[PDB]
Amino acid sequence: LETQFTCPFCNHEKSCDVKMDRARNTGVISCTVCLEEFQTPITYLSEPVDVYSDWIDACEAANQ
Amino acid sequence: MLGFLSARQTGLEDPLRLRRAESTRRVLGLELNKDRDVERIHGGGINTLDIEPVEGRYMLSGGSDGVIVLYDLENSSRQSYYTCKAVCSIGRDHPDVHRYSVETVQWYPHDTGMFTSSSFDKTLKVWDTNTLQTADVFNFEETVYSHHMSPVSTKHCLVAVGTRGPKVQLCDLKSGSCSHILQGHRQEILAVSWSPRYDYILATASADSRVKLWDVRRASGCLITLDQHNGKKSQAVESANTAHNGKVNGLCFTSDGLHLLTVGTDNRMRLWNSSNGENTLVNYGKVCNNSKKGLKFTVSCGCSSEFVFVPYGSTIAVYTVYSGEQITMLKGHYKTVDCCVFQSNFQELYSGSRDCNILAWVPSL
Amino acid sequence: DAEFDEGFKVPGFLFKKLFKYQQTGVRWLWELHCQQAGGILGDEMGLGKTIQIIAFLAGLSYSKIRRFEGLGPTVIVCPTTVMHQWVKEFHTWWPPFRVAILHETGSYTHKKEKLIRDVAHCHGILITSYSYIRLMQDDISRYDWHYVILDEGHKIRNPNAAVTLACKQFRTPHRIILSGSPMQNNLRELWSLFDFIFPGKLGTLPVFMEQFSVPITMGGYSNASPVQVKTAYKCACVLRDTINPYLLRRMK
Amino acid sequence: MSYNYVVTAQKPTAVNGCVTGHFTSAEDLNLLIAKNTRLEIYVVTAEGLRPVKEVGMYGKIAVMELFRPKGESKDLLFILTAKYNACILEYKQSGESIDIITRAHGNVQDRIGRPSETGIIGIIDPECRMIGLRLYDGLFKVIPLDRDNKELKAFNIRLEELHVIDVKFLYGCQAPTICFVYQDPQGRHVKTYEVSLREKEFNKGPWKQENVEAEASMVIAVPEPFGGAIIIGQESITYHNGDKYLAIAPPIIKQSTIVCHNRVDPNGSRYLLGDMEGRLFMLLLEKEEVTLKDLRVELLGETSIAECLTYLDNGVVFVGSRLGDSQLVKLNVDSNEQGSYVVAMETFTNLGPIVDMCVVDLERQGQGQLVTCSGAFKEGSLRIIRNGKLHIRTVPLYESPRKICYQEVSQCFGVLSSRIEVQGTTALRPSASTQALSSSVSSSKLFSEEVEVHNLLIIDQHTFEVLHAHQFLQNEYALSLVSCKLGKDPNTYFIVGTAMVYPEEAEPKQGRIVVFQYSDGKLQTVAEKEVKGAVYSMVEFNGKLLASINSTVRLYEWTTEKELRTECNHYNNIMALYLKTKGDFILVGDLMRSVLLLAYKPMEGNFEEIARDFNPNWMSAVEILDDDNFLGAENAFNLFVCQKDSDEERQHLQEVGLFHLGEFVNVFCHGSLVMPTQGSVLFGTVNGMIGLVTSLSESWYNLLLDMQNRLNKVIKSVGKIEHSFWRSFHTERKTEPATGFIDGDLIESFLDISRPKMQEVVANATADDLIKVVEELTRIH
DNA sequence: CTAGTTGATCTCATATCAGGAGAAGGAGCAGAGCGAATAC
Ligand SMILES: Nc1ncnc2c1ncn2[C@@H]1O[C@H](COP(=O)(O)OP(=O)(O)O)[C@@H](O)[C@H]1O
Ligand code: BEF
Ligand SMILES: [Zn+2]
């Protein structure tokens, strides 16, 4: 499972970094290029793929 | 100021004096707008703005969500408080909407019936403003970081496009020829800007820390390469003669086109003699930027002293171009400011930032 | 005398000999010189291209236009059979030029490199063969030539031939090709020629292939679908508009 | 679309340039005077000036210089127009016929560029190898003359110094050498370059840059025996030749800055210098056996406030003035027992800056009469103008007039005036405010180098003597004046809008509207009203007082208690500088939003923005022609007529007429100077022109338009300037052709052509019909 | 000297799971130790 992801907003490969703040149960995914940021709740079973998942889902939901 | 009016009436001073002095005074009194608002439609940060060059009424805005909004800036209502309503919108439901962020939008010069928009979806679309349909599309092998049409060309209608490829593309809007390219850069071309003075002069700034001026008619590469030191640290040209100590992510010719303002990721802005690329050594202090893409900043027009409005973190830093003296920080944005566009008719400013807001700065009183 | 836009004068006696299309070609060549761009005199065989080049160079040296005052040291690359032809035409049309041949036949009778040095430092015309340009590319490109006219420049059609890579080492912008047939087998040849005269217009060879060669060629086959024919038409029109300013092709 | 007819009732009179030389003949000493559009050629006789020609340029003459190329019998005249039409003209006299042939012409306007602050500068190399123009910052345009052009092809040389104050060509230099003073953040420095036409670029000057006075504002190229240059500043006069550095600081030039100069001798042993206060000095170069020994300045005397001056001969100096009457003065060898060697021989009338003017039917005739606030500080005056030719009286006030209004009931003019006091304060000269029959000073309870003292002068409208002079509060500027009766009481009042001016601020925050009544030869302060800004303009609006405080157009009612009470306000303005009225409608001229058609809806009691023009025109004046036509003057010397169109788009005023007048219109007023055309709007300008605007009918306008095109095809302009270009609406960010305006001067020139040229004009009715039409058009002025 | 013939050589162009063991790196934690920094 890759940790760096293509940004849904600027389509820059591996430009998204994921930070797991487990102490606060929050994952923050940020694109280095276009500076888009997204915050989602996470669990101890969560992974950066799950945070990027929640980001893609939030984008598609907001774009309806 | 009553002295200014009296001198204008009595012919002591040319009306030019009052006009430019009052323009400068208005720019100095720039503040968060007391009675003005801009309609919010972008779901993401605004990466670019462009007020049309003729009549200065309509404004384009490209968002990080790929939509393009067309606003009317005129206060067609009778109140002193108004919102710049959105006339048109390439929204998510448009058949030709950009799939990724729109990074540059530009009105066609000489006519408001057409505009262009380049996106990180590797497309430069040319839109008919009336029907609001794509008149043309140019596809690129790599994402577009910036594009620019010449604000002066009555003869040519080339769009200079800077992508992550090391080549500057020149797309002919006359019969569609995107094959022309300029060689000489080595990394992503983060900014491109045509000279407002010379028809065929194009300045290109790339991540290789170099800024090159090209005569696109010419067959022999770039005309000038900008050098910080002008020759103090001189070396055979393979890696020396850098404009900045980082990525040069913004270009802006001054109003007369005799100088060039380059902002780079070394936290420095520099002013260059546009005729021989010599550094004028104007200081400007430290200009904070860390943008990984092109940085859009503009200069004032029709004032006694020229100003440059540079995005500076979540603020707009206003500098005097030829002295470097820091005028002020326009402080009203909540995230990093991506673009600022200057309305020269009324010395107004419109800034788009990552907080999904377009803020209008108007002179006070 | 004939006076062109900025400072270019071609002598009246020389101008009078030229035909209408030939002096139109001289006009076009000097517009290219103003643009500092190359070109292809695509006029068919026999229409007169040696004379147009000779007249344009004569007017360029005569006009004293502003490194080089007037005409610098130029190199003319032509097939071996027509070198002395170029010498004869230069002598009859503009005798003031010094016109030396860089070839075994030649006229020098010393080290060739001395001849290239002499022509470079004397602002003369060095006529050479394509084989010599390939062989003497080390010496031929160290002297900052002003004009690199290639007669029958379709020999540069193969982008990977050693002669092509040699001829594409000249630093000057003023690159001219004389060839009444600057396309012989496919559009790769056109790309090679236009890379020589103006490296940028048609992009990198992969890009030119993908954008022009496959569409234009594939729409000419007998089994072409109508949509594909229209796509080939669009690409051909785009290419014609792209190459119009730098190709001057008059028919008989 | 609108139909308007503009005609010059009085040609411009302010001189913006004067040059002497041998233009008409090799032996004649010509005086060429540039009034704004008019070039007047006189021959300098033993006495006075003999006018030999007067041509009307299609352009505002910004540069006018005479130069004699090698082999030329007599001088050629280089003229540059404000719209950047350059022309080299030659005088060719064929017996009775006089022709100003255009030897060369062209347009040198750069498409983009910041026009320089100090204005267009034009210089010619003393050996006439080139013309150097400073039109834009950072550039120096060069027109070579050795290369004999008929199109005046020019090339720009980039000038590394971006704020150039003045520039001249030095004398006695093998190469064309420019010496110029420029401003950088380090100070003002004088630098030199040697221009190369072959390499088309500057080269290192004969002598390096030298740091000069902070206000060093003038460069004078000294002739060959001395060489070098003289730099005049506010406090000192320095002379540089590269190693000679002479300097003086005469205390007598400190009081006022020197603004003009002229070379008396061919060798530059003497120069004239005029200051803004009118003082004329002689700067003498003492030679030593040649080099330069020492500089002296001696006050010759006092003249009109000289824009320019020229020594003709025999001690005669033409002092050309923009702010007052031009003068022809004599420089006596010995003083006049008052310390002055200057004696005025002749005075040429100049309607100075016509800041304000009122049309009055004085003497109870059917004839109008213009009373104009003309001139400035020392040359300020009232001018009374009638049709008799135009007869012009003059009432010297010796202080700047600002506004004027006629009170018919009181048989007097109320005139706002301003004088300069130096120190508490002391007047520099006895002015009309101080020479009133009776006087008073405002004692207001509302508020508690050199300064301007503002006064309200009550002037008898028979003898034009100052019946009264009411001085205003300290540091109070009177801006507006209106004579009207408010509310329902019968008394007629002088209502004066004022502003409190202090150096600590850029826009007045305080002001008051003062209501005076003039009765029994006294000016009693009937009422006051403290307002929170400068009252730029006031007008009577249906018995109420419509005032414009800084950005707010508000309406006051005159109550039974004889006080002003606000009724309504409108705030959607940057600064409402100009107010006009017709019925319930108001026309608000804004500083830069350019018009606003407001309406006072009486059934409710507030204003309503009926319409607006959203083009950014900077205004100088505004007027209402018809119920739906609105004339306005932009600061770029343009007239434009807006029309209420026919949704929210109805709020857009449409600019239905555009025209480039070439004059800075200061005031409009309904009226006519005479006893087919609808309406009559006179206007007064800065250069002294009085013009007249009338509305035409559609078919007649079309016919006239046709005549204008025909005349443009027939009549040949002096500089080969196309009339459409000259009258094209022009602004630094816009350029359009003239529409909705007929140039009355061009139509009236139809009389001054011979019959074959008329037949050429009228190829497609007969010529006599059009002669009748143009005669009727001339009747209105 | 001096041109014409003879071979070699180069370019260019013609299409279509039931390993294991050890050594080197990097990671995260743990503490020790010393500079500054409040503060009694
Ligand atoms: N203007 C002219 N006047 C006389 N002869 C000409 C003229 N132009 C061309 N020619 C002749 O026509 C022939 C063909 O011209 P040339 O340029 O050698 O061939 P191509 O143009 O096909 O390369 C030459 O022999 C030349 O002498
Ligand atoms: F006849 Be060929 F084109 F030289
Ligand atoms: Zn991104």
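Note on naming: letters A, B, ... go to the chains in the order of the sequence lines (proteins, then strands), and numbering restarts at 1 for each one. The analysis underlying the following values was restricted to heavy atoms, covering all of them including side chains, and did not include hydrogens, waters or symmetry mates.
- Nearest nucleotide to the side chain of C:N185, out of E:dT14, E:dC12, E:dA13: E:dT14.
- The interatomic distance linking C:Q137 (CD) with E:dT11 (P) rounds to 11 Å, in whole Å.
- Base orientation for E:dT5: anti, the chi torsion being more than 90° from 0.
- Rounded to whole angstrom, the span from the CG atom of C:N160 across to the P atom of E:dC12 amounts to 10 Å.
- Computed from coordinates, the C:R188 CZ to E:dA15 P distance equals 12 Å when rounded to whole Å.
- In this structure, a donor-acceptor pair under 3.5 Å is absent between the side chains of B:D121 and A:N11.
- Using the sign of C1'-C2'-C3'-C4' as the criterion, E:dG35 is classed as north-puckered.
- Ring pair A:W55/A:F38 is parallel by interplanar angle, where below 30° counts as parallel and above 60° as perpendicular.
- Taking atom CG on C:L165 and atom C1' on E:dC12, their separation rounds to 13 Å, with Å as the unit.
- Here E:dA23 counts as south. Its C1'-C2'-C3'-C4' torsion is negative.
- One can place CG of C:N158 at 19 Å from P of E:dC10, the figure rounded to the nearest angstrom.
- With no hydrogens or angles considered, no side-chain donor-acceptor pair links B:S179 and C:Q211 at under 3.5 Å.
- To the nearest angstrom, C1' of E:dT9 lies 12 Å from CG of C:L135.
- Here the P atom of nucleotide E:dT11 and the NE2 atom of C:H154 are 21 Å apart, to the nearest Å.
- Applying the 4.0 Å criterion to OP1 and OP2 of E:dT14, one finds that C:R157 has a side-chain N or O inside that range.
- Residue C:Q184 contributes atom CD, which lies 15 Å from atom P of E:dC12 at whole-angstrom precision.
- Note on C:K168 versus C:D195: salt bridge recorded, some NZ/NE/NH1/NH2 to OD/OE distance being below 4.0 Å.
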